[PDB]
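Colleague: Just passing along the structure, written as structure tokens.
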Amino acid sequence: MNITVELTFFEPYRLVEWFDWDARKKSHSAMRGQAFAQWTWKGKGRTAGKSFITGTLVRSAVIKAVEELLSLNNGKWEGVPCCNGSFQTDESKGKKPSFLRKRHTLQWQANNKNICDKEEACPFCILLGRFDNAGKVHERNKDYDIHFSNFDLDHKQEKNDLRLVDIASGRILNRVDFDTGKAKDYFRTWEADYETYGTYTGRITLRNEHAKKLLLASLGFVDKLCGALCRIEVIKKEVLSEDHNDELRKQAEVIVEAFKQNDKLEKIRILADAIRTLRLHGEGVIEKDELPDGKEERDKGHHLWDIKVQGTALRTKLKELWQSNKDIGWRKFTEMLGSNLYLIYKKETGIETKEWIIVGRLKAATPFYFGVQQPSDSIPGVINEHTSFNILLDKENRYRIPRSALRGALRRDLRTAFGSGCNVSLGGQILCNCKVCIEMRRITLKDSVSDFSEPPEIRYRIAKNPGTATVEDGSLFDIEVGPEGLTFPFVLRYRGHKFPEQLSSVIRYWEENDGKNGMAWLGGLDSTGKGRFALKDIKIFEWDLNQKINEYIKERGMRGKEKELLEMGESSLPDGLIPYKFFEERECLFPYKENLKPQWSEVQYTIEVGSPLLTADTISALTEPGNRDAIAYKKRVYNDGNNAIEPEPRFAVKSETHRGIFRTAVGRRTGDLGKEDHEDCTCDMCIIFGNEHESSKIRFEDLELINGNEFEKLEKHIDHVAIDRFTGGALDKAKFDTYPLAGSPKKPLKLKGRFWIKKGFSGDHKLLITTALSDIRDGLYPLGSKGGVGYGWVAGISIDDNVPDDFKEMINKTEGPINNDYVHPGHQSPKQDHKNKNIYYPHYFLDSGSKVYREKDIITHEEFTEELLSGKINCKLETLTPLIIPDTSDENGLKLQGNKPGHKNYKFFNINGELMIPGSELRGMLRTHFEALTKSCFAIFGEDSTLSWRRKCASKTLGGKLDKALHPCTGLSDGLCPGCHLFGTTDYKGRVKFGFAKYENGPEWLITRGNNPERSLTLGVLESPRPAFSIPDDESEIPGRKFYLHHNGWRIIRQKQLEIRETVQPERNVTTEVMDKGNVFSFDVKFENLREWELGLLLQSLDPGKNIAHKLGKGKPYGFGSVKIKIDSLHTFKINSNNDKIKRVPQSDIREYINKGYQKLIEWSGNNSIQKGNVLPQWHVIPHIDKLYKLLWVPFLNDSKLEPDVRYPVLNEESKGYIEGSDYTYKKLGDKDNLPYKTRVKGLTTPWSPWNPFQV
RNA sequence: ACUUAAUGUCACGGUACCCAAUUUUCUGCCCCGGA
RNA sequence: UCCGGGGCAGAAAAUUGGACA
Ligand SMILES: [Zn+2]
Ligand SMILES: [Zn+2]
Ligand SMILES: [Zn+2]
Ligand SMILES: [Zn+2]
């Protein structure tokens, strides 16, 4: 009469600490522990315990089982009506039974008059224990009628004691409102394992065989026990790893202090994130050394992977360490190294019923994420690792979907389906029987684990202070995300009288068909489009409970093989299971057509990009063979076809950027983004996008790229470099590069994207969104980074038709002048040349006073202030002399290295074979001119450089001789110089944004006969500038800015090709294509939020007037690169809540702008003695502008036959190209005698000074 | 035993959720001396 | 006293703050 009962699980269950009820009544946090298994300590300490299950719980479950089984057959066994029950009374005759218990107990109506009485006891009460020697709370004997010994754990390696951290893990659970999204509270819980500790053993004894068939059959029926499924079955009869966690600590220290020796402490954090990101690639990168080896020799290497530690290269120490500890595995290796480095850096800084089954597959049509607390939550009682959040993970690194979240989301959607929502109550004494609760307590779910087991992906998110459009400090964090395209199994049970049509509603709503994308919104962070799911291969089954109960038991409820059902053939089904017809499909279901479907409405559209596009992701760049600095973002996706990551990634733009763009747009428009009372900001932005109080009402997604294959080379190298405003050469450590996507004005990129709206918007709210969309289509907000220099502009929008008609209407309804200035610089009358001979100097210097005007106040970017203007300008760029702009991406474009090794060749800057000028160069040119005009601060100047006259060393560096007032404008408090104020600086984004230049009208290539490519040139020799000759000795000072001259001295080289190629070594010449005269490029600037006279001065600077021109391009001092700019069209629009739209401006208004700007500079001069009156402006009254214009003055434009001779001096008189008898060389010009130093300085600071006879 | 009480366990009664543009600044440029 | 040669190849700041009594 002994029955050994074995228990089994199929899903991770829960555990809680043990207590006596005498003590348990106190610790309220143990109260929930009345249904979970028990875990007891042992050995007067921690970590050594035992696990069991209280027999009482098994008893209660068997009771509920017998109750249901009897309710089904209308209350009889084999036709024997039995007793209606006895419980719910137990009053005042003894102790109220421990575990006072309440729920809708049920009693069928019966006929018999015996209650399983003493002499004749129907099996039910014998099973209860009513007629025995039982005793309420006394257990003196093992004298019971039917006994339940408690169930304890089964373990094969029990020779050692179970450790708590081995079979337990902490987790947090919470609860959210029906509306407002937010959470209200949270409790803690312990989850077990179900793979290795899932068997539980017990023991049961009986006394009277008479009641067996009831119990032995009612056993298999029960399903839940301790919070999961089960199958009760009657049974017939490596410590170094830990040391590793410490030992690697040691090694970490060595790496740190060495970096401290070279004054490189901040790069530690970069190294940490990079070595973490190394997690995806695999071991190969170390064992074959695919690390981004440095540039060409440089006698150095990568600025990171080649630092020296203890006299060794880092990229070798890494291989050594991996060889040391290779038992752990690549994954934990990298993770531990990252954590250790993070911590060290942080320390250093400081009426019948039936059962319906649903099987099927879940798919995730977007990147998903479920969040958990943090690492370092050991099970018993500011260590924040370098991952501010984490995805959940299983034991073997697999993605899980815990039944908690599935249950919750199912409830929320069902609650919408009905229409009435009971906000859940805690610990009540009655049951809120609104229908939603009635359904919600009849369903059962199951967890889910995928097959993919690779590490996740990382993303970053920053904030942006709308004050100055800058990275808002103290806000930079990163989240983890799972791959898109994974698939889980999904199981949903139901038991009752009639399949509620609203359950069918929600299932259909989660379904996906040919033209219907599902919208199941599992998981958190559903605000920015993470978590959307869909269903596939739904196959609903149903039982017949009323007359096939033995067929249900014999298959143990078909629990534990829920995978077989999805794929088996209809014929091999187990007897008693039948496919479900009458599945109403999306048509008759009234709630779905009525309450669900209009929940979310989608908008879908494609942006069209017409320029290079770049979303900087600097971290990935450090682990790629490109040796670059910035790369386009990359997403990776699963593919259900091949069960592996797709071999080729996909470029995109992250959703959060989408969201930020719309947010800033609407905010800046309504003028609500600047107020600080935003926790309760009652303006419309807080209603739409949602502050912390309520949820949000817009959901974005990722911008994907589809027009990708048509391009043959997606990513095009580009280089950029600063220039010392004092010597027109490259500053030190200031030559970098980017590698963005290719985007042309003719073959534009194509990006597709979507975003959802929750039903309930009220009229004008739609108007705001539509306005912002039209505003993007106008082209004010650039996608990506580096806006001001052209990257990432937009050029149109094509709203797809399958949208709300309201949007189509609201969006579609909303969509010869400027001659030259004629300044007549008056610097004329033959330049005193007399046509005979005057060898001038290639470049000259310019002095610009000392005082600088500054403004403490700053104009913000909060909103389009009404008193200021904003618009765009179009322009055409016309060339005057052969031009050159090399393309540094290629080094053998002209195939010339096949004969003369080491000889560089280039070809003109081009994109998909469409000539084009990079804009940043135009930005630099305009900026130099504007600064020099307005007497700004030196933007980019190398202070740390010492010279030695010839040994006279420099007592102080260059920055010492230069006045302090002219040093770079550094801090926001001190104020900003007018130059830096307009174009911006490190902490204030500029307000003027240029753009690339397009190509136009004809004759193009200066054709030469002798040269092999017939259109290329071989430039002369070029050497570095020498600030020494400009500063003769110690007492000298920085003269000023540098400028190059205009002359037709290039054609000389156009006839010495054959000779130049002879004498000069091919290691120092460069050959490239050239563009001739007579070409015009398209060009345009866009400005927003300017003051009044600033725009006037900018316009004056774009075109100084007739007879004047800028300089640009490689090879300035020889004469290549004279350029003249005109204006064609101006647009200004004072955008605001008013209906004022884009309007033109006629001529004679720009006159007012320029005139007012002129007076502002008049005032800044402070010497009011200058003429004051009303007349067409005359620029050549203020001293320094006079010189500035005297410098850049095309002589040969007006008088077509007045050209001077400009050239550098030969070296030493018997130098190579020494003009005989000229006496135009050093050692007769640089000697202190025959030329006092002050006279040299004076000759360098008076433009257009005769130099061969050396007058003035 | 450590480890339960017996004519009365809705904890499958509770989603770790809300909110936050990887961005701001920078012309692919160029002459006189070294032991 | 004799006779010629390339350099720069990334620099600075931000690495988490609030919430749910
Ligand atoms: Zn009875
Ligand atoms: Zn309710
Ligand atoms: Zn608000
Ligand atoms: Zn400044």
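Chains: A, B, ... in order of the structure tokens. Residues: from 1 per chain. Ligands: from 1, in order shown.
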List as a PyMOL selection string the protein and nucleic acid residues lying within 12 Å of ligand 4, with only C-alpha atoms (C1' of nucleotides) and all ligand atoms counted.

Modeller: (chain A and resi 852-855+931+934-941+965-972+974-988) or (chain B and resi 25)

Colleague: Within 6 Å of ligand 2 (counting only C-alpha atoms (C1' of nucleotides) and all ligand atoms), which residues show up? I'd like them as a ChimeraX atom specification.

Modeller: /A:422,432-434,437

Colleague: I need the residues from that last selection saved to file as an mmCIF file, in the first residue's frame (with N, CA, C and O atoms), if you can.

Modeller:
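So result_15.cif came out as:
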```
data_model
loop_
_atom_site.group_PDB
_atom_site.id
_atom_site.type_symbol
_atom_site.label_atom_id
_atom_site.label_comp_id
_atom_site.auth_asym_id
_atom_site.auth_seq_id
_atom_site.Cartn_x
_atom_site.Cartn_y
_atom_site.Cartn_z
ATOM 1 N N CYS A 422 -10.640 46.739 -14.954
ATOM 2 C CA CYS A 422 -10.481 46.744 -13.505
ATOM 3 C C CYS A 422 -8.992 46.857 -13.224
ATOM 4 O O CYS A 422 -8.221 45.951 -13.537
ATOM 5 N N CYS A 432 -13.048 40.441 -7.894
ATOM 6 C CA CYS A 432 -13.655 41.442 -8.769
ATOM 7 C C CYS A 432 -14.071 40.778 -10.074
ATOM 8 O O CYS A 432 -13.283 40.706 -11.021
ATOM 9 N N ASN A 433 -15.326 40.340 -10.143
ATOM 10 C CA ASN A 433 -15.785 39.417 -11.168
ATOM 11 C C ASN A 433 -16.199 40.094 -12.459
ATOM 12 O O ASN A 433 -17.001 39.528 -13.205
ATOM 13 N N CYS A 434 -15.694 41.289 -12.739
ATOM 14 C CA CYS A 434 -15.854 41.843 -14.072
ATOM 15 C C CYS A 434 -15.338 40.842 -15.093
ATOM 16 O O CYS A 434 -14.373 40.119 -14.837
ATOM 17 N N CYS A 437 -11.655 39.800 -15.646
ATOM 18 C CA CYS A 437 -11.085 38.881 -14.679
ATOM 19 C C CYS A 437 -11.600 37.470 -14.909
ATOM 20 O O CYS A 437 -10.851 36.502 -14.760
#
```

Colleague: At a cut-off of 10 Å and counting only C-alpha atoms (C1' of nucleotides) and all ligand atoms, what residues surround ligand 1? Please answer as a PDB file with C-alpha atoms, in the first residue's frame.

Modeller:
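Output below, filename pocket-v6.pdb:
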```pdb
ATOM      1  CA  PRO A  81     -23.763  10.050  -6.940  1.00  0.00           C
ATOM      2  CA  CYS A  82     -21.421  11.151  -4.195  1.00  0.00           C
ATOM      3  CA  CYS A  83     -21.334  13.605  -1.379  1.00  0.00           C
ATOM      4  CA  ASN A  84     -21.637  17.319  -2.004  1.00  0.00           C
ATOM      5  CA  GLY A  85     -18.637  18.053   0.213  1.00  0.00           C
ATOM      6  CA  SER A  86     -18.012  19.210   3.733  1.00  0.00           C
ATOM      7  CA  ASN A 112     -27.770  10.963  -1.878  1.00  0.00           C
ATOM      8  CA  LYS A 113     -28.175  11.486   1.874  1.00  0.00           C
ATOM      9  CA  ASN A 114     -24.875   9.924   3.014  1.00  0.00           C
ATOM     10  CA  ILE A 115     -21.817  12.173   3.167  1.00  0.00           C
ATOM     11  CA  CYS A 116     -19.316   9.352   2.964  1.00  0.00           C
ATOM     12  CA  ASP A 117     -20.533   8.531   6.483  1.00  0.00           C
ATOM     13  CA  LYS A 118     -18.635   6.454   9.036  1.00  0.00           C
ATOM     14  CA  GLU A 120     -20.283   3.652   4.516  1.00  0.00           C
ATOM     15  CA  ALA A 121     -17.742   6.206   3.318  1.00  0.00           C
ATOM     16  CA  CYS A 122     -17.847   7.231  -0.324  1.00  0.00           C
ATOM     17  CA  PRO A 123     -14.282   7.540  -1.613  1.00  0.00           C
ATOM     18  CA  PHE A 124     -14.221  11.323  -1.446  1.00  0.00           C
ATOM     19  CA  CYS A 125     -14.183  11.835   2.312  1.00  0.00           C
ATOM     20  CA  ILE A 126     -11.927   8.857   2.959  1.00  0.00           C
ATOM     21  CA  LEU A 127      -9.614  10.748   0.652  1.00  0.00           C
ATOM     22  CA  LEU A 128     -10.216  13.916   2.658  1.00  0.00           C
ATOM     23  CA  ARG A 130     -12.711  13.264   7.900  1.00  0.00           C
TER      24      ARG A 130
END
```

Colleague: All residues within 12 Å of ligand 3 are required, counting only C-alpha atoms (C1' of nucleotides) and all ligand atoms; please report them as a PDB file with N, CA, C and O atoms (P, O5', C5', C4', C3', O3' and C1' of nucleotides), in the first residue's frame.

Modeller:
```pdb
ATOM      1  N   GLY A 667       9.104  70.772 -30.860  1.00  0.00           N
ATOM      2  CA  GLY A 667       9.401  71.626 -29.727  1.00  0.00           C
ATOM      3  C   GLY A 667       9.828  73.012 -30.156  1.00  0.00           C
ATOM      4  O   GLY A 667       9.222  74.011 -29.768  1.00  0.00           O
ATOM      5  N   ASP A 672       8.265  75.533 -26.822  1.00  0.00           N
ATOM      6  CA  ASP A 672       8.020  74.909 -25.531  1.00  0.00           C
ATOM      7  C   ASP A 672       9.217  74.127 -25.017  1.00  0.00           C
ATOM      8  O   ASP A 672       9.151  73.579 -23.913  1.00  0.00           O
ATOM      9  N   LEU A 673      10.298  74.047 -25.781  1.00  0.00           N
ATOM     10  CA  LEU A 673      11.411  73.204 -25.383  1.00  0.00           C
ATOM     11  C   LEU A 673      12.315  73.868 -24.359  1.00  0.00           C
ATOM     12  O   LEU A 673      13.105  73.176 -23.709  1.00  0.00           O
ATOM     13  N   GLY A 674      12.200  75.173 -24.165  1.00  0.00           N
ATOM     14  CA  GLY A 674      13.159  75.871 -23.336  1.00  0.00           C
ATOM     15  C   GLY A 674      12.797  76.009 -21.873  1.00  0.00           C
ATOM     16  O   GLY A 674      13.680  76.233 -21.041  1.00  0.00           O
ATOM     17  N   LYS A 675      11.520  75.875 -21.532  1.00  0.00           N
ATOM     18  CA  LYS A 675      11.123  76.104 -20.152  1.00  0.00           C
ATOM     19  C   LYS A 675      11.597  74.968 -19.253  1.00  0.00           C
ATOM     20  O   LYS A 675      11.690  73.808 -19.664  1.00  0.00           O
ATOM     21  N   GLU A 676      11.901  75.324 -18.004  1.00  0.00           N
ATOM     22  CA  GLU A 676      12.455  74.371 -17.050  1.00  0.00           C
ATOM     23  C   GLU A 676      11.365  73.668 -16.249  1.00  0.00           C
ATOM     24  O   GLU A 676      11.596  72.583 -15.705  1.00  0.00           O
ATOM     25  N   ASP A 677      10.177  74.265 -16.152  1.00  0.00           N
ATOM     26  CA  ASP A 677       9.064  73.604 -15.480  1.00  0.00           C
ATOM     27  C   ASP A 677       8.472  72.551 -16.408  1.00  0.00           C
ATOM     28  O   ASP A 677       7.296  72.619 -16.777  1.00  0.00           O
ATOM     29  N   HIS A 678       9.288  71.570 -16.788  1.00  0.00           N
ATOM     30  CA  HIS A 678       8.890  70.580 -17.774  1.00  0.00           C
ATOM     31  C   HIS A 678       8.380  69.287 -17.168  1.00  0.00           C
ATOM     32  O   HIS A 678       7.671  68.544 -17.854  1.00  0.00           O
ATOM     33  N   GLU A 679       8.718  69.000 -15.908  1.00  0.00           N
ATOM     34  CA  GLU A 679       8.116  67.859 -15.229  1.00  0.00           C
ATOM     35  C   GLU A 679       6.599  67.976 -15.203  1.00  0.00           C
ATOM     36  O   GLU A 679       5.900  66.961 -15.095  1.00  0.00           O
ATOM     37  N   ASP A 680       6.079  69.199 -15.295  1.00  0.00           N
ATOM     38  CA  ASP A 680       4.651  69.454 -15.412  1.00  0.00           C
ATOM     39  C   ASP A 680       4.356  70.444 -16.533  1.00  0.00           C
ATOM     40  O   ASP A 680       3.391  71.207 -16.458  1.00  0.00           O
ATOM     41  N   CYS A 681       5.184  70.447 -17.575  1.00  0.00           N
ATOM     42  CA  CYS A 681       4.941  71.335 -18.697  1.00  0.00           C
ATOM     43  C   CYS A 681       3.619  70.997 -19.368  1.00  0.00           C
ATOM     44  O   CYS A 681       3.442  69.941 -19.973  1.00  0.00           O
ATOM     45  N   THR A 682       2.688  71.937 -19.282  1.00  0.00           N
ATOM     46  CA  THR A 682       1.330  71.702 -19.739  1.00  0.00           C
ATOM     47  C   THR A 682       1.146  72.070 -21.201  1.00  0.00           C
ATOM     48  O   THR A 682       0.009  72.117 -21.680  1.00  0.00           O
ATOM     49  N   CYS A 683       2.229  72.324 -21.922  1.00  0.00           N
ATOM     50  CA  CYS A 683       2.139  72.608 -23.344  1.00  0.00           C
ATOM     51  C   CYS A 683       1.924  71.302 -24.099  1.00  0.00           C
ATOM     52  O   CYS A 683       1.871  70.218 -23.515  1.00  0.00           O
ATOM     53  N   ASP A 684       1.815  71.391 -25.421  1.00  0.00           N
ATOM     54  CA  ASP A 684       1.365  70.245 -26.195  1.00  0.00           C
ATOM     55  C   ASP A 684       2.436  69.175 -26.341  1.00  0.00           C
ATOM     56  O   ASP A 684       2.102  67.992 -26.477  1.00  0.00           O
ATOM     57  N   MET A 685       3.712  69.558 -26.324  1.00  0.00           N
ATOM     58  CA  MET A 685       4.770  68.572 -26.506  1.00  0.00           C
ATOM     59  C   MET A 685       4.698  67.490 -25.443  1.00  0.00           C
ATOM     60  O   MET A 685       4.828  66.299 -25.745  1.00  0.00           O
ATOM     61  N   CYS A 686       4.484  67.884 -24.189  1.00  0.00           N
ATOM     62  CA  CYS A 686       4.395  66.894 -23.126  1.00  0.00           C
ATOM     63  C   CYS A 686       3.193  65.985 -23.318  1.00  0.00           C
ATOM     64  O   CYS A 686       3.213  64.822 -22.907  1.00  0.00           O
ATOM     65  N   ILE A 687       2.133  66.492 -23.941  1.00  0.00           N
ATOM     66  CA  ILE A 687       0.978  65.644 -24.201  1.00  0.00           C
ATOM     67  C   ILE A 687       1.296  64.638 -25.295  1.00  0.00           C
ATOM     68  O   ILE A 687       0.942  63.459 -25.199  1.00  0.00           O
ATOM     69  N   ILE A 688       1.977  65.084 -26.348  1.00  0.00           N
ATOM     70  CA  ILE A 688       2.227  64.197 -27.479  1.00  0.00           C
ATOM     71  C   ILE A 688       3.290  63.167 -27.129  1.00  0.00           C
ATOM     72  O   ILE A 688       3.018  61.964 -27.072  1.00  0.00           O
ATOM     73  N   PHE A 689       4.510  63.625 -26.863  1.00  0.00           N
ATOM     74  CA  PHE A 689       5.636  62.715 -26.706  1.00  0.00           C
ATOM     75  C   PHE A 689       5.711  62.107 -25.318  1.00  0.00           C
ATOM     76  O   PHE A 689       6.303  61.041 -25.153  1.00  0.00           O
ATOM     77  N   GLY A 690       5.169  62.776 -24.312  1.00  0.00           N
ATOM     78  CA  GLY A 690       5.019  62.151 -23.016  1.00  0.00           C
ATOM     79  C   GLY A 690       6.208  62.303 -22.096  1.00  0.00           C
ATOM     80  O   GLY A 690       7.278  61.756 -22.364  1.00  0.00           O
ATOM     81  N   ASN A 691       6.032  63.034 -21.004  1.00  0.00           N
ATOM     82  CA  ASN A 691       7.065  63.120 -19.984  1.00  0.00           C
ATOM     83  C   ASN A 691       6.959  61.895 -19.081  1.00  0.00           C
ATOM     84  O   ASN A 691       6.245  60.938 -19.379  1.00  0.00           O
ATOM     85  N   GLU A 692       7.665  61.916 -17.952  1.00  0.00           N
ATOM     86  CA  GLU A 692       7.735  60.727 -17.112  1.00  0.00           C
ATOM     87  C   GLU A 692       6.386  60.367 -16.507  1.00  0.00           C
ATOM     88  O   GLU A 692       6.197  59.231 -16.068  1.00  0.00           O
ATOM     89  N   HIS A 693       5.444  61.307 -16.463  1.00  0.00           N
ATOM     90  CA  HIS A 693       4.170  61.017 -15.818  1.00  0.00           C
ATOM     91  C   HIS A 693       3.338  60.037 -16.634  1.00  0.00           C
ATOM     92  O   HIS A 693       2.874  59.023 -16.104  1.00  0.00           O
ATOM     93  N   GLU A 694       3.142  60.309 -17.917  1.00  0.00           N
ATOM     94  CA  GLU A 694       2.316  59.467 -18.770  1.00  0.00           C
ATOM     95  C   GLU A 694       3.188  58.756 -19.795  1.00  0.00           C
ATOM     96  O   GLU A 694       4.378  59.030 -19.924  1.00  0.00           O
TER      97      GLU A 694
ATOM     98  P     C B  19       8.729  56.377 -22.861  1.00  0.00           P
ATOM     99  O5'   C B  19       9.690  57.634 -22.850  1.00  0.00           O
ATOM    100  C5'   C B  19       9.137  58.928 -22.758  1.00  0.00           C
ATOM    101  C4'   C B  19      10.059  59.870 -22.047  1.00  0.00           C
ATOM    102  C3'   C B  19      11.447  60.008 -22.628  1.00  0.00           C
ATOM    103  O3'   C B  19      11.471  60.860 -23.753  1.00  0.00           O
ATOM    104  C1'   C B  19      11.574  59.813 -20.287  1.00  0.00           C
TER     105        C B  19
END
```

Colleague: Residues of chain B within 6 Å of chain A, counting only C-alpha atoms (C1' of nucleotides) - could you list those as a PDB file with C-alpha atoms (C1' of nucleotides), in the first residue's frame?

Modeller:
```
ATOM      1  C1'   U B   4       4.512  19.847   7.131  1.00  0.00           C
ATOM      2  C1'   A B   5       0.005  19.410   9.497  1.00  0.00           C
ATOM      3  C1'   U B   7     -13.091  18.294   6.999  1.00  0.00           C
ATOM      4  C1'   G B   8     -11.031  25.051   3.649  1.00  0.00           C
ATOM      5  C1'   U B   9      -3.893  27.438  -0.427  1.00  0.00           C
ATOM      6  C1'   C B  10      -7.622  32.834  -6.626  1.00  0.00           C
ATOM      7  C1'   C B  12      -1.046  31.348 -14.131  1.00  0.00           C
ATOM      8  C1'   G B  14       1.205  41.618 -10.618  1.00  0.00           C
ATOM      9  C1'   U B  15       5.340  42.890 -18.141  1.00  0.00           C
ATOM     10  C1'   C B  17       8.696  49.244 -16.581  1.00  0.00           C
ATOM     11  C1'   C B  18       8.516  55.649 -17.968  1.00  0.00           C
ATOM     12  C1'   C B  19      11.574  59.813 -20.287  1.00  0.00           C
ATOM     13  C1'   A B  20      16.770  61.444 -23.385  1.00  0.00           C
ATOM     14  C1'   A B  21      19.396  63.117 -32.318  1.00  0.00           C
ATOM     15  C1'   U B  23      27.075  64.961 -31.551  1.00  0.00           C
ATOM     16  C1'   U B  24      29.777  70.056 -31.518  1.00  0.00           C
ATOM     17  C1'   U B  25      34.819  72.711 -33.681  1.00  0.00           C
ATOM     18  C1'   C B  26      38.707  71.917 -38.408  1.00  0.00           C
ATOM     19  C1'   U B  27      40.146  74.518 -46.351  1.00  0.00           C
ATOM     20  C1'   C B  29      47.726  72.139 -47.697  1.00  0.00           C
ATOM     21  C1'   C B  30      52.760  73.858 -48.710  1.00  0.00           C
ATOM     22  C1'   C B  31      60.147  77.284 -49.399  1.00  0.00           C
TER      23        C B  31
END
```

Colleague: Of the residues A:177, A:932, A:542, A:1247, which is the one nearest to residue C:20, using only C-alpha atoms (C1' of nucleotides)?

Modeller: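 Result for the nearest residue to residue C:20: A:177.
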